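Starting off, we have a lone chain in the form deposited in one PDB entry, written out as structure tokens.
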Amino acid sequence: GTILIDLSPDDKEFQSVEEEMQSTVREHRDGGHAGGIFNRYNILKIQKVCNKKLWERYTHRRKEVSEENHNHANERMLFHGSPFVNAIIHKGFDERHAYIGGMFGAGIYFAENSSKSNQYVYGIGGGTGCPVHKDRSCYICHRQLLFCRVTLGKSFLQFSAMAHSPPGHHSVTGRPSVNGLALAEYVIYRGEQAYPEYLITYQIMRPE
């Protein structure tokens, strides 16, 4: 049921998605071990992910959350990196896409910083890097990330350095408490609370 529509680089929607990607790169405490060394990306393609059934699955859940939270879904646009990006865009998020060992429990994790999600494209800790060169910092191989619509509802705030949501909450927010430049990371425990809106194909760029 999924079709992928290419956005033109001239389209305002391409441009605003690229800007969110590029502007939320930061340096990471691993010095680039997991995701590579780079300050920016070469965006090769941005596609909109269209699946009626998956969209309706998302909106149904969004309304349930909204009605439990004074008509406020608390919807965000967040990045997701994963070895399973191809299954997600065809079958939706579910328990098989969860970070079982994540610091907020087994759930599906999203980031404000695109460079955080980039660390998971080739697996946890960057796995063994690109399939072809076994390089976590490969500047040649094409990578993919998702830019997703995520319903947070009432989010449990964790001030820090599939399971269930904390009672009375719909998600967890990991607030950065040491690295003053890091943006927030979020966890949902129901695959229905996210829709994979954009598929972004890119390379990390070697700093000059």
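Residues that one form lacks are left out of the comparison. Note that residue numbering follows the sequence shown and begins at 1. Rigid core: the largest C-alpha set superposing within 1.5 Å between the two forms.
As for the form deposited in another entry, it is not shown, yet the points below apply to it.
Once the two forms are fitted on their rigid core, between this form and the one not shown the CA displacement reaches 2 Å or more only for 182 among 148, 54, 49, 182. By 3 Å or more, the C-alpha separation between residue 181 and residue 17 grows in the other entry relative to the form shown here. Whereas the displayed form keeps them at a certain spacing, the CA atoms of residue 109 and residue 181 lie at least 3 angstroms closer in the other entry.
Listed in sequence order, the runs of at least 3 residues with C-alpha movement of 2 Å or more between this form and the one not shown, after fitting the core, are 96-100, 177-183.
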